[PDB]
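Heads up, the thing below is written out as structure tokens.
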Amino acid sequence: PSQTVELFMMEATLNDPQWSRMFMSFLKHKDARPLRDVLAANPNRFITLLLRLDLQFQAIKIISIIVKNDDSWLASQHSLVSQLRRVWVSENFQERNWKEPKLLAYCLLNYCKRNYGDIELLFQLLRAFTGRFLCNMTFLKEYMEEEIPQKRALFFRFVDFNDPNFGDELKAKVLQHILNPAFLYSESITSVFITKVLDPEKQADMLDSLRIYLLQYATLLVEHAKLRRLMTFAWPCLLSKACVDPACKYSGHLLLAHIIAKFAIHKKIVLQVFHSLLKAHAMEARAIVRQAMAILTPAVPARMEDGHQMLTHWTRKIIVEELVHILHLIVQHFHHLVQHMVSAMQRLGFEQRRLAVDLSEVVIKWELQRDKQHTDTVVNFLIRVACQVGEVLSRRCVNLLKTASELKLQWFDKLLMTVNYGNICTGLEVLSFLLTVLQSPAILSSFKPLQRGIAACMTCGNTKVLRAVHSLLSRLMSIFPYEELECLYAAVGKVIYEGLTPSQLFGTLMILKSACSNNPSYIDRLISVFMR
Amino acid sequence: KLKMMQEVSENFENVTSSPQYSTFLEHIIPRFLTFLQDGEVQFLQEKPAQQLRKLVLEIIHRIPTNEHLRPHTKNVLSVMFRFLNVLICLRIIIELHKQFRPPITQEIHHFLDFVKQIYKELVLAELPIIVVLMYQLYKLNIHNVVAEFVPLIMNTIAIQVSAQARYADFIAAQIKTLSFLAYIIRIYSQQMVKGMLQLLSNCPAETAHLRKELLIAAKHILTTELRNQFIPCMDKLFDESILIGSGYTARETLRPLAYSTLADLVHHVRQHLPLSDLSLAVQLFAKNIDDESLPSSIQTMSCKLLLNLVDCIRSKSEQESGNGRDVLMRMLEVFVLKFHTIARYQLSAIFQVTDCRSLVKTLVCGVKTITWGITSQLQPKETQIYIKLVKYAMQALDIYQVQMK
């Protein structure tokens, strides 16, 4: 082979793209190992080459092919990297190429896999943004599965830092990203003591992404070998015009809460951080505030009566200002909050009815642990969920209530006013309150409103309204074993019977079924005519 | 006693009243008119003299009625208008409007004098925003459009940075005002392109918070047909640069909306965009189609848009044929990148499955259309790319088969 690579295949012929592609096709052949070897033994012509752009890309292609054939070909790394880094850094201003940067980065990473984290591992992050760089990013992210298997001692200052003086903070961002899993997976040596204070570099602002990730990492770093030092990290952006994105606010506040959870349950900060965390977020910082609040969630009840759970005073303002769906969760995880449980129903209406379902479990928990505030709130929740027409949560409400009226009187008219959506919903409309009457004297106490309502409802039997009739006749068959409503409905059934003179037949016979059963005591008069 | 009751207004009033809907409204309103009528506030100085008067807000909060505000709307609004930071008055006026949305009232045609209390620019936009929000009672009959018409906004969206430093006291107010102005002109090219980009490049620099409401308003205004199909086309897509939402992961949270909104733009400006603009658009979507920042929703939308984009590019490229072939090679390189993403979808085999199926459908239609375009050393590279496509497509169909018509 050795004659080919220089007979009609030297640099002067690499200008032709088809010729180069044919050469790379030969090189790609698995069995052509000697043809690749003739070059693998002579990296000098690559070294002379890579310091033009077309031949640079061709050299990258050929060297990447060689490395793919022989990944162990790191012997020339110590000479190749010197210019590989040069071109890797330079190409950013050259373009920022079809596949060249990804190939070059793959070569750099492969040579890096022969060592743990070092300068080149930092530098290979430089470009990014090209082809979305997912190839190289995944390559390196998977490479931590090998890197993590002792390099941590001073990684913070021999892989980080290094002042590339060309790249931006993304160098620190991605390095911290990959640093976190190594510490999560795996001594509290003295170096960390000094590093925790070297971190800020005694800067005065540190209000950036780097602080966010660094504090997120250090949140678990304070076990054992004070308050003022942590204060410098936690406090800084309380400056007025800064910290406009609550992300950095909540990161520092979460770290502080972790400090509070550790030993620092003090009246200086404990009541200050809480009422300030739940503010200033509207749509996206809500996903950040919840986790920070989770850390204070166990800490606050550790005081409880010592603070009187005074946060009702804060709520008196917050409810007017804006959300408050964090206050009662202490009981759900499990006391005197029933005195203001009314706020849940008070704040609804033009809407987020979900809180009622959430608070039903808390209310039953209160009842088991320790009311008139429940018997009306439950009916209000029931009617408000019925306004949707939903979900088994509405049934869950009553199910939990009965372990230890308004909607009834509303829904008779709510069906009388009938409309396609109403017709569809009619089954749920009736079922919502007809499920309670099967387990309460609600109808037996007074069925006259129902007689007023339902008497003009079964006549609308069609599609889903028929299913409503099926539901209601079932309740009739339970109530009967009221005579006036039975007589009215029997008259309705008889007139429908005479109406025939098969959907009509289906409705007629279903009403006849409703009238029937109930023990034969009442069916004889009906049966007298069924022959026709 | 009246002066110190403000701090204890919760006591002795809820006990001694009940019809306060129509019996103590006529008590609060005169109290408000007697308390707030002085207004010795200051806006360009230190803490104002009236700083001690803030306590009246609780009494304002305790306004009784949600109906029949006709005799008590205009007077209370006007006495506030006498005030001419300015938030000292906005705090009261916002409550006045907040309690004013429900009740029925009239003579709101005083908008022509109200505007004199609104931006002049020789936080104020909040009041017209709540006005247009509860406008359901009267709708455009009160003012037509004049309060926010073209001539008001054509002056560089009526707002521009006057001082480079002063910085929240000025820039935050400007941030809110621009958003409210956009949200009100929503109803109804120099402003909404040039001022749009100029403010994008300068205003959200603090921590990029502005981009949230600004981008939502941009979506809403771009829903309005001609304001999307024709008016913004002057940009030449040059606003697709970094200026749109640069910053922290607030960028990550809002960029999906920005990309979807500009995709909506493209859906229509596909009608007439030139070949170079289409080329740079497909270039950006080449990065989009594989972005890790969001689930396949963005990737699906990007390829779906690319479908009609390449329809238009196929229509255009046949003319002069040379730039046509040039762009053809790179558009098929885009789906070369797509097959390369499939090469990782292979490993991704380890609900979202339905989204992946939809993505496969979309990109299959895309490659079909791309090939249709190509057919309407070229062949050897065609064969190479098709070999890659065939080898990688089975790896996606295998996930397609996971656990049909």
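If you're matching them up, the sequences are chains A and B in order. For what it's worth, the working numbering labels the leading residue of the first sequence as 272, then goes sequentially. For what it's worth, the working numbering labels the leading residue of the second sequence as 4, then goes sequentially. The beta carbon of each residue, even a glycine, is placed where N, CA and C say it ideally should be.
- Below the 8 Å Cβ cutoff, chain B contributes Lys215 as neighbours of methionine 554(A), in chain order.
- Shortest Cα-Cα distance from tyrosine 141(B) to any of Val89(B), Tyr122(B), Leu260(B) and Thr108(B) involves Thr108(B).
- The C-beta of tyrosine 24(B) comes no closer than 8 Å to any C-beta of chain A.
- Not flagged as an interface residue toward chain B: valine 595(A), since no C-beta distance is shorter than 8 Å.
- Fully contained in the segment 150 to 185 of chain B are the following alpha helix (DSSP H) runs of length 4 or more, in chain order: 153 to 156.
- When DSSP states are grouped into helix, strand and coil, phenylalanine 342(B) belongs to the helix group.
- With 16 or more other Cβ atoms from the protein chains shown falling within 10 Å of its own Cβ, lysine 520(A) counts as buried.
- Taking a C-beta cut-off of 7 Å against chain B, the contacting residues of the segment 511 to 532 of chain A are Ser511, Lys512, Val515, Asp516 and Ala518, listed in chain order.
- Cβ contact annotation for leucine 392(A) (same chain, cutoff 7 Å, sequence separation greater than five): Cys383 and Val430, in chain order.
- Counting along the chain, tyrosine 484(A) sits inside the alpha helix (DSSP H) bounded by residues 480 to 489.
- The shortest CA-to-CA distance from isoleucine 156(B) to any of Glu124(B), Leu136(B) and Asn14(B) is the one to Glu124(B).
- In chain order, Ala289, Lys290, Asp293, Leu340 and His343 make up the part of chain B whose C-beta sits under 9 Å from the C-beta of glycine 402(A).
- The beta carbon of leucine 797(A) lies closer than 8 Å to those of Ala761, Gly764, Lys765, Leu783, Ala786 and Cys787 in the same chain, with the five residues before and after it left out.
- Residues of chain A whose Cβ lies closer than 8 Å to the Cβ of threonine 357(B) do not exist, since the nearest Cβ in that chain is about 23 Å away.
- Contact of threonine 252(B) with chain A is assigned, a C-beta pair being separated by under 8 Å.
- Contact check for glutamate 129(B) against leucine 93(B) passes: the beta carbons are separated by less than 8 Å.
- Just so you know, the alpha carbons of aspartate 470(A) and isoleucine 301(B) end up roughly 37 Å apart.
- With respect to the 8 Å criterion, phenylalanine 683(A) and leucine 744(A) are not classified as neighbours on the basis of their beta carbons.
- By the neighbour-count criterion, in which a residue is buried when 16 or more other Cβ atoms sit within 10 angstroms of its Cβ, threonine 772(A) is exposed.
- Counting every other CB atom within 10 Å of its CB across the protein chains shown gives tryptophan 369(A) a total below 16, marking it as exposed.
- For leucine 405(A), the closest Cβ of chain B is nearer than 8 Å.
- Residue-level contact by beta carbon holds for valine 591(A) and chain B, with a gap shorter than 8 Å.
- Counting the other CB atoms within 10 Å of its CB gives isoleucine 331(A) a total of 16 or more, which places it among the buried residues.
- Under the Cβ criterion of 8 Å, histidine 64(B) is counted among the residues facing chain A.
- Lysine 735(A) places its beta carbon 8 Å or farther from that of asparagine 789(A).
- For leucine 283(B), the enclosing alpha helix (DSSP H) has its first and last residue at 278 to 291.
- At a beta-carbon threshold of 9 Å, the residues of chain A lying near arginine 347(B) are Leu405, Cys406 and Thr409, ordered along the chain.
- Non-local beta-carbon contacts of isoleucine 559(A) in its own chain, meaning distances under 7 Å to residues more than five positions away in sequence, involve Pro517, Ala518 and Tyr521 in chain order.
- By the neighbour-count criterion, in which 16 or more other beta carbons inside 10 Å mark a residue as buried, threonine 180(B) falls on the buried side.
- At the C-beta level, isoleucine 794(A) and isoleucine 750(A) stay beyond 8 Å of one another.
- With a contact defined as Cβ atoms closer than 8 Å, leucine 28(B) and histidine 75(B) qualify at about 7 Å.
- Counting along the chain, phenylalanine 294(A) sits inside the alpha helix (DSSP H) bounded by residues 288 to 299.
- Following the DSSP letters along the chain, one finds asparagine 670(A) inside the alpha helix (DSSP H) bounded by residues 662 to 672.
- Contacts with chain A at 8 Å (Cβ-Cβ) do not include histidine 223(B).
- Taking 8 Å as the cut-off, the beta carbon of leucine 340(B) is found no closer than this to the beta carbon of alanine 396(B).
- Counted as a single uninterrupted DSSP element, the alpha helix (DSSP H) harbouring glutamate 29(B) occupies residues 28 to 38.
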